[PDB]
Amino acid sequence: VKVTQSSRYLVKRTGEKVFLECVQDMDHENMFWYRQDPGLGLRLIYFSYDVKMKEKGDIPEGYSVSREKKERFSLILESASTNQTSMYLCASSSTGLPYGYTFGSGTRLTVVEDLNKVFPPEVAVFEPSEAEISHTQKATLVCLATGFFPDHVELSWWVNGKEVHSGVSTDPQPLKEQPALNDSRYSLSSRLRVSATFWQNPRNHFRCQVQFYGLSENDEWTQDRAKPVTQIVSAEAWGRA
């Protein structure tokens, strides 16, 4: 019982025609498209209850769909605008089934006016303060992902090759390096706090990893710098006696 959406992330330029895919192999008759935005919840864009059936949801303006095969329900943005930047969620179900919605993994889509404004983030780790170690018997490492745009990052901490969650706290949101600009780059920080003993072990390896989702293979690029494609950036550090 799974609903799969084409991409997890996408960057597109204004005016472009964008296609978001949704496919399910459960022979479900009903498929819907919702967009999720902070403070607005989930708003229904379009839905379909059968092949070739299209029904405007509560916010159809700017979008269109297509349901040619039962398995697929495509969402279409004719002339992408920045306000269509959002998290798109697909859902499927059957009126003839004893249960409800089955959501897809979602699709983060950011519409920007200028693709040349896209940049991968730089990553740097900062080792614990000796003072903190002495004063509390603990060691806080800090990770800084800076200079990226748009806000398509996933930061993770790995200790001795194992992804860690306990002791971590990543900022819920980035901060603009130049708040005034609407194309400004972002910066994100995170902390990994371990025991002083653990940090004082030269055998323990710490790594801050950030996956960035930028331009795709299809995107054209001729600028001098490296194409800002989706990529993993990271920094590391070893315990210090």
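Numbering starts at 1 and follows the sequence shown.
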Notebook entry, point to check: Quick one: higher average CA temperature factor, 85 to 93 or 120 to 128?
Noted result: 120 to 128
Notebook entry, point to check: Going by the B-factors listed in the PDB entry, is the mean over the C-alpha atoms higher for 97 to 105 or for 134 to 142?
Noted result: 134 to 142
Next item on the list: Taking the values exactly as deposited, rank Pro38 by C-alpha B-factor within its chain and report the matching third: lowest, middle or highest.
Entry: middle
Item checked: Third of the chain's Cα B-factor distribution that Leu181 belongs to, per the entry -> highest
Check: Compared with the other modelled residues in the chain, in which third is the CA B-factor of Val11?
Finding: lowest
Check: Hey, what third does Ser169 fall into on Cα B-factor, ranked over its chain?
Finding: middle
Margin query: Quick check on the deposited entry: does the C-alpha B-factor of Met53 sit in the lowest, middle or highest third of its chain?
Written below: highest
